[PDB]
Amino acid sequence: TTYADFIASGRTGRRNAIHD
Amino acid sequence: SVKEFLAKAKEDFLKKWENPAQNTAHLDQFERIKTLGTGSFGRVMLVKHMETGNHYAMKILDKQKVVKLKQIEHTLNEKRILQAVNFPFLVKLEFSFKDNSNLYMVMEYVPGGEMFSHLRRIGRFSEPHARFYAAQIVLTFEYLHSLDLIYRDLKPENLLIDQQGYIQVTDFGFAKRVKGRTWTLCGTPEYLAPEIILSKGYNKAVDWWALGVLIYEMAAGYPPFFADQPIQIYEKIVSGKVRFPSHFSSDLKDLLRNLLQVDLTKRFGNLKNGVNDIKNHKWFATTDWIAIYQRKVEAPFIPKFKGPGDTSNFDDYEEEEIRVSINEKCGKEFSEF
Ligand SMILES: O=S(=O)(c1cccc2cnccc12)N1CCCNCC1
């Protein structure tokens, strides 16, 4: 499922920004 | 009558933007209790004002590290914005000061935690719960966009829940006060609008794109574009191929379809009726916009709170000692702070 696909990405925790 | 409020809110903000505030406090006036948050150049602490016994969140920036990571202009801009803004979903700055080592910003403690912990714990919010939050964000943006501010950093990690169960926005690190366009690659991958990824030269429409990602993420439990790596998320974003779970109402799909619109010139919030296209949308038909502004609506979720200075809705972080140096550091770079 989509839920399971989301867990498989490893981005279920706090997400950082990118800078320059 | 909303346009008069904004014109009066605009003149208020412009005065406080040109004639602001400096060294309104000192560090030994506060007892440091616990770390509520970390980050690359700083930490946020629950402090207790000893004089009064009131609790605040204190943000502590290391001056040397801010210089290292080329963030001078961002930290200065956050402070400036925070003392000039006034709106019930934007956190209040009580004191700012600095010493040899550190910049300090003292704000109101918001004890309910990040929306993020709440949403991962419950899994998803029902459509009305999700709508309650959305509506608060729609007014905040209307406020900031009239001031010419673009926010750029919307995600559940950056929305806190107060005692009444309403939202407070902190983090103006990336907000930029401009009329016209801007070009910086900045933000968080899942929430970057396509024009940002394609290096196009972009505007406040990015914020409404972000509101769609947030509404989707709130009602689904997960963002609409993910993958192992930033790059492969960006590929999904520019394609504009949203799939919606089956439990989404058709009214939500329709709005989401109008916010996650790849093309700038048909995206809701960027058309001629402006923010009114989002507020008159059918998904928000039951929504009393004034009553939301006045905080007169029973929140559908209220976080647990056991007394003043309770940190139970925040993570545990590793406590470090406050290093204050005997030598002044980076005095020229931070004169305006
Ligand atoms: O929770 S915080 O530490 C925080 C910041 C500013 C004011 C706050 C007031 N009360 C609680 C937490 C606060 N925060 C910084 C870490 C990144 N997540 C967004 C907010």
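In what follows, chains are A, B, ... by sequence order, proteins preceding strands, each numbered from 1.
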Quiz item: Between B:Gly221, B:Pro223, B:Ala220, which has the largest tally of heavy atom pairs under 4.5 Å with chain A?
Solution: B:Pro223

Quiz item: Counting heavy atoms not belonging to B:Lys65, are there more than 12 under 6.0 Å from its NZ?
Solution: yes

Quiz prompt | Sidechain N-carboxylate O distance under 4.0 Å for A:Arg11, B:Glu157 | solution = no

Quiz item: Counting only heavy atoms not in B:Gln232, do more than 12 fall under 6.0 Å of its CD?
Solution: yes

Quiz item: Atom NE2 of A:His19 and atom CD of B:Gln71: how far apart are they, to the nearest 0.5 Å?
Solution: 6.0 Å

Quiz item: Parallel, tilted or perpendicular: which fits the ring planes of A:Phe6 and B:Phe226, with parallel below 30° and perpendicular above 60°?
Solution: perpendicular

Quiz item: Got more than 12 heavy atoms from elsewhere within 6.0 Å of OH, A:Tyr3?
Solution: no

Practice problem: List the atom of B:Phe174, the atom of A:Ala17, and the distance in Å for their closest heavy-atom pair. | Solution: CE1-CB, 3.8 Å

Quiz item: Which members of residues 182-195 of chain B, sorted by number, sit under 4.5 angstrom from chain A on a heavy-atom basis?
Solution: B:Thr184, B:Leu185, B:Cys186, B:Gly187, B:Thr188, B:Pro189, B:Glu190, B:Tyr191, B:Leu192

Quiz item: For the candidates B:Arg243, B:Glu114, B:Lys70, which exhibits the highest count of non-hydrogen atom pairs separated by less than 4.5 Å from chain A?
Solution: B:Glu114

Practice problem: State whether the side chain of B:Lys155 and the backbone N or O of A:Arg15 hold a donor-acceptor pair below 3.5 Å, judged by distance alone. | Solution: yes

Self-check item: side chain to side chain contact (heavy atoms under 4.5 Å, CB included) involving B:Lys63 - partner list, sequence neighbours excluded
Solution: B:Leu103, B:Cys330, B:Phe334

Practice problem: Please look at B:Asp315 and chain A and tell me whether the side chain, the backbone, both or neither of the residue comes under 4.5 angstrom of a heavy atom of that chain. | Solution: side chain

Self-check item: pair A:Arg14-B:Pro156: side-chain heavy atoms closer than 4.5 Å
Solution: no

Quiz item: Between A:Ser9 and B:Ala227, which heavy-atom pair has the shortest distance, and what is it?
Solution: CB-O, 3.6 Å

Quiz item: Do B:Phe244 and A:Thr2 have side chains that get closer than 4.5 Å, going by heavy atoms?
Solution: no

